[PDB]
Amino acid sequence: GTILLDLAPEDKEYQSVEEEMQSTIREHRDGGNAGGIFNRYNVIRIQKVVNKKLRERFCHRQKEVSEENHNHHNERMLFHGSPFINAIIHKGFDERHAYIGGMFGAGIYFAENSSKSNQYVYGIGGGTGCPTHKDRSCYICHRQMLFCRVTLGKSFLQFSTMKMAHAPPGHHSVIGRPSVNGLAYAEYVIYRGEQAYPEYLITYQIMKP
């Protein structure tokens, strides 16, 4: 099964992940309702997720998408928050557990801004917040999020909602791009679980400003 390798804070790999997580924090349009109010995270640990079987499924699909898209698989490192993160590290990403109510329909959603994925750690809209205190802005409880390899292939770009069950014909993913009267931050959607790998597991707290 899945093995977690602990990365030391002194390692460049830990430092790159933490820097991407911290630098991509943004102020959200919901006044912090979903994910809480913070300018910084306190990173507890960063672990590399090892699973040969899951890795093979991901690499097999990446090669297939690369062949279909003029040798450009268009992988990107992106964040994912979910209340069911434990299932993802042990069983991998699964479109059978898609976010049905997402703006692009029943896909698996990722963010390039860590704070957007932080809005989903305790569920859609932040749910009822942490299990212990029922606080979406809890500064005590440890949160987890994933920093993932995502195979995008040929993306269908959109500015506003377009619900679908599967990728558009001839495409491998959908991207919601930010725009003036539209999205604040980008989102990336795949419709096949084998198009993402949970590369890193980050344990963190949000910090009170």
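What we label the rigid core is the largest C-alpha set whose atoms superpose within 1.5 Å from one form to the other. Heads up: residue numbers just count along the shown sequence, starting at 1.
Student: Which of 156-164 and 54-62 lies farther, on average, from the shown form in 6 other deposited structures of this protein once the rigid core is superposed (C-alpha RMS)?
Tutor: Stretch with the higher C-alpha RMS distance in 6 other deposited structures of this protein: 156-164.
Student: Among the other entries that model both neighbours of residue 182, does it go unmodelled in a third or more?
Tutor: Missing in at least a third of the others, so yes.
Student: In at least a third of the other compared PDB entries, does residue 100 have no coordinates?
Tutor: In at least a third of the other entries, residue 100 has no coordinates.
Student: Out of 26-34 and 143-151, which one has CA B-factors that are higher on average in the deposited record?
Tutor: On average, C-alpha B-factors are higher across 26-34.
Student: Once you work out the mean C-alpha B-factor for both 89-97 and 68-76 from the entry, which is higher?
Tutor: Per the PDB entry, the higher value belongs to 68-76.
Student: Compared with the other modelled residues in the chain, in which third is the CA B-factor of residue 125?
Tutor: According to the entry, residue 125 has a C-alpha B-factor in the chain's highest third.
Student: Where does the C-alpha B-factor of residue 5 rank in its chain, lowest, middle or highest third?
Tutor: It belongs to the middle third of the chain when residues are ordered by C-alpha B-factor.
Student: For residue 173, does the deposited CA B-factor place it in the lowest, middle or highest third of the chain?
Tutor: Its C-alpha B-factor, which the entry lists for residue 173, ranks in the lowest third among residues of this chain.
Student: How does the C-alpha B factor of residue 187 compare with the rest of the chain: lowest, middle or highest third?
Tutor: Its C-alpha B-factor, which the entry lists for residue 187, ranks in the highest third among residues of this chain.
Student: Can you work out whether the C-alpha temperature factor of residue 134 puts it in the lowest, middle or highest third of the chain?
Tutor: It falls in the top third of the chain.
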